[PDB]
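Coming up is one lone chain in structure tokens, specifically the form deposited in one PDB entry.
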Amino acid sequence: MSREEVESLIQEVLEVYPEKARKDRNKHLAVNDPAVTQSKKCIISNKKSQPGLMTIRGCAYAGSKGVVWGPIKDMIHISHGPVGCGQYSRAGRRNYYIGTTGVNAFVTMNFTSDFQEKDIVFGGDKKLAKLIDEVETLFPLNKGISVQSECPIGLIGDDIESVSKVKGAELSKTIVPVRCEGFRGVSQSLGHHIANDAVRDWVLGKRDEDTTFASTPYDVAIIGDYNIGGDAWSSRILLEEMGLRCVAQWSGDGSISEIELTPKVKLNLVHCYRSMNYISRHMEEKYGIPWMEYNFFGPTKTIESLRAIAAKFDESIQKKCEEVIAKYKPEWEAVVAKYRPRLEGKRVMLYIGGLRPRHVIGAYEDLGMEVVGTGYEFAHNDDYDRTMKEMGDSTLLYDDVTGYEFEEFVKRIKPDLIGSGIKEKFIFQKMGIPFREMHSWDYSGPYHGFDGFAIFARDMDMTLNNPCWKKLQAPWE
């Protein structure tokens, strides 16, 4: 469907760049073909971003502190370095939790060492030790400390591992050093990798010798669900209604004890492959725990995932799964009947990065909506391997898209709706195109599971069919 016109559009958009940038960016733009299984032959990913082209990517500190470690509610996370880093990431991500903030939970708080000139010149190891003592004095109910390194920590010669070991031995407390300096890697994905390495090396093996936890054949762990707006809770309710027991969830509303208990479960249910596959494979190799990916966006994927998960267990779990599906069928059928006629035929172009862009397509298709373009900030080739069969023919694929590129693509394709982050929202609202934040769910949700599908459909309807979009052109012009 106009496959040649898409390639022509790619060439005209690339015309602006200088030769080196154009040659680099040409490999990150592709026209989808569902037949192709190896995405490397068409699109290149996980590369450094070209300087000065206004990328959307973050850093490794965002991927480690912001994404993986931050949702752990009962631990205190120290942004080690200058003040800006923790201030910009304080409570920006909606990883929900239950607790008494400042007493036993510390998710929305910003703990930092706040370096000055003297800390840069002479180092900050003694200051880190004094900070750990002060933390132990003022927050006695904390259950662990992580130290997230910012750029100067790596640049200057600080050695936080020795401080962590000495202070942890002194205080009988778990202190996890994370070398998540923002200049490492090319995006948040290296932050995920570093955070998972720290998890295996400092937390995951505390209870290897412990056998006081009572286990059941129906023990599962949610891995890579960060409870954005309550997503993990909406998934966990469906899992428990199926008869399973969810020992742990990583890492939204997560506790350090849940992480320590994870090696005792029978199955790992991985939601975000991209951020947690590392620890999932490590657990499979070390503990013999199988892991499987699942999708809870939209009723179709939810039912498929529930049936596949129940297939891993005995017949009673399968019967309970059938009961759950039959119980929830009328609700999502009513949601479809109410909202599909008002969204049928609409076209969407979504850039989120990570796992979400190919992972929410089924929900859009459940409402009769077509995804004509999709792309990632920091995905790898395996993510695109899944995406190509997830998307339709002659659609646009794009990795680490620039601001200019995405604006030109949106002008040419003219979608009815765009799903992306906070740094594109207002650009495209001024263009007159409805926009939905997909990282934060526009401060709404959850969208996972059957309960979340209703909210998703309501939100898409309310933004797409908003009467404000018919009023940008003044009547006199």
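The term rigid core refers to the most C-alpha atoms you can superpose between the two forms while keeping them within 1.5 Å. Sequential numbering from 1, following the sequence displayed.
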- Checking the other PDB entries that cover both flanking residues: does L396 lack coordinates in at least a third? yes
- Of the other PDB entries compared that resolve residues on either side of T387, does at least a third omit it? yes
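Below: the form deposited in another entry, not depicted.
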- Task: Take the rigid core as the frame of reference and indicate whether the C-alpha of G452 shifts by 2 Å or more between this form and the one not shown.
- Result: no
- Message: Core superposed first: is there a CA shift of 2 Å or greater at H439 between this form and the one not shown?
- Response: yes
- Message: Please check whether, in that other deposited form, the CA atoms of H439 and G185 lie closer or farther apart than here, given a change of 3 Å or more.
- Response: farther
- Relative Cα spacing, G449 and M438, in that other deposited form - shift of 3 Å or more: closer
